[PDB]
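In: Only the shape, not the letters, is given here:
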Ligand SMILES: c1ccc(Nc2cccc3ccccc23)cc1
């Protein structure tokens, strides 16, 4: 993968996850910009859908380091990715939906999805 292919792939996942979840564009924009309303159900589901589609979350919402590295190593330096994995893999949340939004919130501290528009 390259950054340009990530951009294309992410746009597609955002599109399909929007129709799967019914999230309003305004709330999708908030998520993409890194402002996560972690308790909003459609935000949770949108986050979950994108992360599952990238194999960052497995079917039972377990965080997968391989999946997050495949994406983040395109965007930030190796050592920063290591720290991101160690940080965001240890989020204190057991509920799958809330875990999904909290994971996007944690990671957004490092890079937001909107990042890919600044290629
Ligand atoms: C875990 C991994 C990534 C993200 N956010 C995002 C940051 C920037 C590019 C991305 C590409 C694919 C999926 C999420 C991306 C949130 C939680």
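Out: In hand now; what should we look at? Numbering: from 1, shown residues only.

In: Chain neighbours aside, what residue packs nearest to the spatially most central residue of the chain?
Out: Closest to where the C-alpha atoms of the chain average out (C-alpha atoms, centre = their mean) is residue 104, at 4.5 Å. Leaving aside its sequence neighbours, residue 104 sits nearest to residue 47 (C-beta to C-beta, 6 or more residues apart in numbering; 4.3 Å). Backbone N, C-alpha and C define where each C-beta goes, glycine included.

In: The one you found: neighbour count?
Out: Residue neighbour count, defined by other C-beta atoms under 10 Å, stands at 29 for residue 47.

In: What ranges does the protein have for its strands?
Out: For the chain, strands defined by DSSP state E do not occur.

In: what's the closest non-adjacent residue to the residue in it positioned nearest to the ligand?
Out: Distances between the chain and the ligand by C-beta to the nearest ligand atom are smallest at residue 107, namely 3.5 Å. Excluding its sequence neighbours, the residue lying closest to residue 107 (C-beta to C-beta, 6+ apart) is residue 88, at 5.3 Å.

In: I am assuming the one you found contacts residue 68, so please confirm or correct that.
Out: Yes: under the criterion of C-beta atoms under 8 Å, residue 88 makes contact with residue 68 at 7.4 Å.

In: Can you check which residues contact both of the two?
Out: residue 107 (C-beta atoms under 8 Å, 6 or more residues apart in numbering).
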